[PDB]
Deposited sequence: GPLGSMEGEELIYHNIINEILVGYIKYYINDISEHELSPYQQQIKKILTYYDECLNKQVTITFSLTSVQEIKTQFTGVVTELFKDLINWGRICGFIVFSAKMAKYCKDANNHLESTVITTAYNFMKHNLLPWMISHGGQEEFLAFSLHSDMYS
């Protein structure tokens, strides 16, 4: 209703929306204008990552939490920046895509695990460093 509503709106726009489009639960033009703009840099991050290596894994809610937590907590132990927030989002989308693929009905667990982490561990950093507007400025970068 208050600060929770702000935090909920930010995470929904920046994280949940892209995962639901990476997952085919939601079409491309179901996205807010803010979302297809930042989709570009998330999409580009995904392709940059697929050059590097491929991901293959998860059978239980318990296994999603430990595997997801382990990676992301190691992703930000060192430092937090908008570039690795992209990787966080992207990584969250790739584990959700795995779930809807296997039709295990665990993608919901992925979204909620990523949401919880971004709220507790990332949102104070992102708010103080420009938040939603900055990630929008971060999306432009070099259009090569």
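Q: Spell out the unmodelled ranges of the deposited sequence for me, N- to C-terminal, numbering from the first residue.
A: Unobserved in coordinates, per deposited numbering: 1-6, 64, 152-153.
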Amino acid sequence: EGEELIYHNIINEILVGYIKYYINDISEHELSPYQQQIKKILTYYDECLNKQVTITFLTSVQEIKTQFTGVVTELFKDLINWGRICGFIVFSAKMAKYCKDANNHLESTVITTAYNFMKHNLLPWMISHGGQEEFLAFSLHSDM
From here on, numbers count along this sequence of modelled residues.
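Q: Decide which of the stretches 115-123 and 71-79 has the higher mean C-alpha B-factor, going by the entry.
A: That would be 71-79.
Q: Comparing 104-112 with 43-51, which stretch shows the greater average C-alpha B-factor in the deposited entry?
A: Per the PDB entry, the higher value belongs to 43-51.
Q: Go through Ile38, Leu31, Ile89, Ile64 one by one and give the residue whose Cα B-factor in the PDB entry is largest.
A: Comparing C-alpha B-factors across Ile38, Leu31, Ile89, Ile64, the top value belongs to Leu31.
Q: Should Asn24 be placed in the lowest, middle or highest third of its chain by the C-alpha B factor in the entry?
A: It falls in the top third of the chain.
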